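Protein chains in written order, with the deposited numbering: chain B, 5 to 180, 190 to 223; chain A, 5 to 180, 190 to 222. The structure appears below as structure tokens.
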Amino acid sequence: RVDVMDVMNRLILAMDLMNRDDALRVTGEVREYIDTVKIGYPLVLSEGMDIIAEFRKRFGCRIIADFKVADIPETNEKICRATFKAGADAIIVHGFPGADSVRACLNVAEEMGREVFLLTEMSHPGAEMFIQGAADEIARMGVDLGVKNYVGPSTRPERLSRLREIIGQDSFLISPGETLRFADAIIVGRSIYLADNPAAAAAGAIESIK
Amino acid sequence: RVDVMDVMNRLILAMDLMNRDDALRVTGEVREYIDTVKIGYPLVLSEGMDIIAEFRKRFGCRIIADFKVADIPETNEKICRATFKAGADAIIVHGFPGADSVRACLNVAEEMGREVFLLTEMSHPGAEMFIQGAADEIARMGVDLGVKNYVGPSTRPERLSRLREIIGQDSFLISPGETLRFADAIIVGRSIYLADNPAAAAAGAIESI
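Given below as structure tokens:
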């Protein structure tokens with residue numbers, strides 16, 4: 005789809021290493037295969053938000069800030085603004101705090117020409133308690149607000165089909190084979206960044222992608 | 005209660021300013037009145053996590069990191085570890101992602117001798133959609149996990165009494190007069206940091222306390 009982001013090879017690197025040297029080292033090796041990297045709080049809190057601009061300049065990659073934004077609207081707006089100012093192309097935002105909290109993020113993204121990803125569900129065991137039961141309604145909330153980018157559940161193929169049904173065929177969906194029948198790109202972390210040679214691990218994972 | 009934190013004057017400063025100069029300027033001027041300061045992501049993302057150690061050294065204050073931690077367990081562990089390593093005395097964690105995500109935080113806090121606050125509910129309009137309906141169960145989850153520190157709803161007195169009922173009389177509860194009948198300390202932000210005389214605004218808030 006022309007109006008949503010193009011992810012090279014449909015593969016997003018989850019760069020979850022927490023020290024700057026390792027993160028830049030392991031990543032550098034793969035920029036030929038990947039142009040989109042997801043970074044989270046452990047790295048940025050440990051090394052500083054300046055690491056975002058460093059990735060983009062050293063690798064020319066798109067950065068998604070996996071910050072799972074989950075505050076009140078005013079604070080969400082400030083988190084998004086600081087994150088985009090640091091150069092993030094996109095930010096991942098929880099839906100469970102409701103529509104106004106999401107809209108605050110969308111407002112800043114529109115102003116700054118950046119993107120918001122709505123996190124509709126999570127896959128860890130604790131997610132059954134409250135998140136699983138809210139997932140469909142959160143996805144619908146996103147659609148109703150004009151959200152165009154979604155992050156779906158790691159596992160359960162049939163959950164992706166359901167999410168894809170709710171959000172429509174045009175919106176952008178990312179998830180951790191069968192998966193790419195519903196998601197537009199897959200997120201891969203450990204398989205690559207803890208590999209003996211990430212360069213080859215990336216290349217192999219990409220071969221698997223049709 | 006001896007086994008939970010003593011907050012000076014029962015008043016926590018929500019230092020929500022985003023630039024280091026302003027944040028430090030306003031805070032120093034109230035340290036006589038406040039010994040506990042809550043800081044969030046806008047400041048730390050803008051200025052660096054080193055600002056936490058700066059607050060503690062310049063003012064001798066306790067720092068609560070209002071990071072609303074809301075990830076999977078392994079990532080929560082790492083967020084907490086980085087935040088405590090930077091010097092935070094406590095961290096505020098969401099309960100909606102479930103028990104294992106909260107436990108991950110509790111594990112690191114116990115290891116490092118720090119504290120976890122469970123956020124049981126939020127007060128912004130959107131909180132009605134999913135958070136309000138989960139609040140009692142989240143509070144009970146905390147109790148069942150041995151959580152001793154809670155953050156409650158800004159508004160609605162009767163919500164605080166309900167929370168206090170669930171968590172028991174000994175756990176520590178903070179919230180944004191009637192409030193201190195149920196909460197152990199109140200969180201105050203704009204009233205103070207957007208005041209022409211923060212020193213005076215703090216002093217008045219403390220007098221009314």
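For each residue, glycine too, the CB sits at the ideal point set by N, CA and C.
inquiry  = So within the stretch 50–87 of chain B, which uninterrupted beta strand (DSSP E) runs reach at least 3 residues, ignoring any that extend past its ends?
reply    = Whole beta strand (DSSP E) segments, 3+ residues: 66–73.
Original post:
What residues in the stretch 30–53 of chain B bring their beta carbon closer than 8 Å to a beta carbon of chain A?
Top reply: Considering only beta carbons, the part of the stretch 30–53 of chain B lying closer than 8 Å to chain A consists of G44, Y45, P46, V48, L49, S50, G52 and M53, in chain order.
**Prompt:** Between the stretch 103–124 of chain B and chain A, which residues of the former have a C-beta closer than 7 Å to a C-beta of the latter?
**Reply:** For the stretch 103–124 of chain B, which is checked against every Cβ of chain A, the residues closer than 7 Å are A103, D104 and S105.
Could you tell me which of A/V120, A/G137, A/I38 and A/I142 sits nearest to B/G130, measuring between CA atoms? What you label residue 130 of chain B is simply residue 126 of the first sequence in a count that begins at 1. For the set A/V120, A/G137, A/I38 and A/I142, the Cα lying nearest the Cα of B/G130 is the one of A/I142.
Inter-stretch contact (C-beta, 8 Å, three-pair minimum) for the stretch 41–49 of chain A and the stretch 66–80 of chain A
Cβ pair count under 8 Å is three or more, so yes.
Q) Below 9 Å between beta carbons: does that hold for B/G146 and B/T124? A) Position 142 of the first sequence holds residue 146 of chain B. Position 120 of the first sequence holds residue 124 of chain B. Yes, these two residues count as a Cβ contact at 9 Å.
Does the beta carbon of B/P157 come closer than 9 Å to any beta carbon on chain A?
As a first step, residue 157 of chain B must be located in the first sequence, where it is residue number 153. Interface residue (Cβ-Cβ distance to chain A less than 9 Å): B/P157 is not classified as such.
Exposure label - A/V6; buried when at least 16 CB within 10 Å:
The residue given as residue 6 of chain A occupies position 2 in the second sequence. Counting Cβ neighbours within 10 Å, A/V6 comes out exposed, since fewer than 16 surround it.
Evaluate A/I200 with the Cβ neighbour count: other Cβ atoms within 10 Å of its Cβ, from every protein chain shown; 16 or more gives buried, anything less gives exposed.
-> Taking the first residue of the second sequence as 1, we reach residue 200 of chain A at position 187. Burial of A/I200 is indicated by the presence of at least 16 other C-beta atoms within 10 angstroms of its C-beta.
Euclidean distance between Cα positions of B/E162 and A/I205: The sequence position of residue 162 of chain B within the first sequence is 158, counting from 1. The sequence position of residue 205 of chain A within the second sequence is 192, counting from 1. Roughly 51 Å separates the two Cα atoms.
| field | Residues sharing a beta bridge with A/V41, DSSP | value | Taking the first residue of the second sequence as position 1, residue 41 of chain A is located at position 37. According to DSSP, A/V41 bridges with A/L17 and A/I67.
* Asked: Under the three-state reduction of DSSP, which class applies to A/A92: helix, strand or coil?
  -> Residue numbering aside, residue 92 of chain A sits at position 88 when the second sequence is read from its first letter. Correct three-state label for A/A92: coil.
Are the C-beta atoms of A/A94 and some chain B residue less than 9 Å apart?
-> Walking along the second sequence from the start, residue 94 of chain A turns up at place 90. Closer than 9 Å: no.
* To do: Assign B/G99 to buried or exposed, taking buried as 16 or more other Cβ atoms, counted over all protein chains shown, within 10 Å of its Cβ.
  => Translated into positions along the first sequence, residue 99 of chain B becomes position 95. Its Cβ being crowded by 16 or more others within 10 Å, B/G99 is buried.
Pair within 9 Å by beta-carbon distance, A/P211 and A/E51: The residue you call residue 211 of chain A lines up with position 198 of the second sequence. The residue you call residue 51 of chain A lines up with position 47 of the second sequence. Not a contact, by the Cβ cut-off of 9 Å.
Notebook entry, point to check: Can you give the beta carbon distance from A/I171 to A/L177, rounded, assuming they're within the 8 Å contact cut?
Noted result: For the purposes of this step, residue 171 of chain A is taken as the residue at position 167 of the second sequence. For the purposes of this step, residue 177 of chain A is taken as the residue at position 173 of the second sequence. The Cβ separation is near 7 Å, so the contact holds.
Output the boundary residues of the alpha helix (DSSP H) element that contains B/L149. The residue you call residue 149 of chain B lines up with position 145 of the first sequence. Taken as a continuous stretch (DSSP letters only), B/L149 belongs to no alpha helix (DSSP H), as it is neither H nor E.
- prompt: For the alpha helix (DSSP H) that contains A/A131, what are its first and last residues?
  reply: Translated into the one-based positions of the second sequence, residue 131 of chain A becomes position 127. Going by DSSP, A/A131 is part of no alpha helix (DSSP H) at all; its letter is neither H nor E.
Just reading off the alpha helix (DSSP H) that B/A214 is part of, what are its end residues?
Counting from one through the first sequence, the residue named residue 214 of chain B turns up at place 201. Unbroken alpha helix (DSSP H) run through B/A214: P211 to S221.
Give every residue of the same chain whose Cβ lies closer than 8 Å to the Cβ of B/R107, excluding the five residues on either side of it in the sequence, and list them in chain order. For the purposes of this step, residue 107 of chain B is identified with residue 103 of the first sequence, where counting begins at 1. Counting only Cβ-Cβ distances below 8 Å, and skipping sequence neighbours, we find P77 and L149.
**Message:** So if I threshold CB-CB distances at 8 Å, which residues from the stretch 128–147 of chain A count as touching chain B?
**Reply:** Within the stretch 128–147 of chain A, contact with chain B at the beta-carbon level (separation under 8 Å) is assigned to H128, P129, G130, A131, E132, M133, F134, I135, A138, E141, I142 and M145.
Would you identify the three-state DSSP class for A/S179, choosing helix, strand or coil? Along the second sequence, one-based indexing puts residue 179 of chain A at 175. A/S179: strand per DSSP, three-state reduction.
**Request:** Show which residues of chain A have a CB atom less than 8 Å away from the CB atom of B/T79.
**Result:** For the purposes of this step, residue 79 of chain B is taken as residue 75 along the first sequence, with counting starting at 1. The answer, in chain order, is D20, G44, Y45 and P46.
query: In this structure, what does DSSP give as the bridge partners for A/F121?
result: Residue 121 of chain A sits at position 117 when you count from the first residue of the second sequence. Beta-bridge pairing by DSSP links A/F121 to A/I96 and A/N153.
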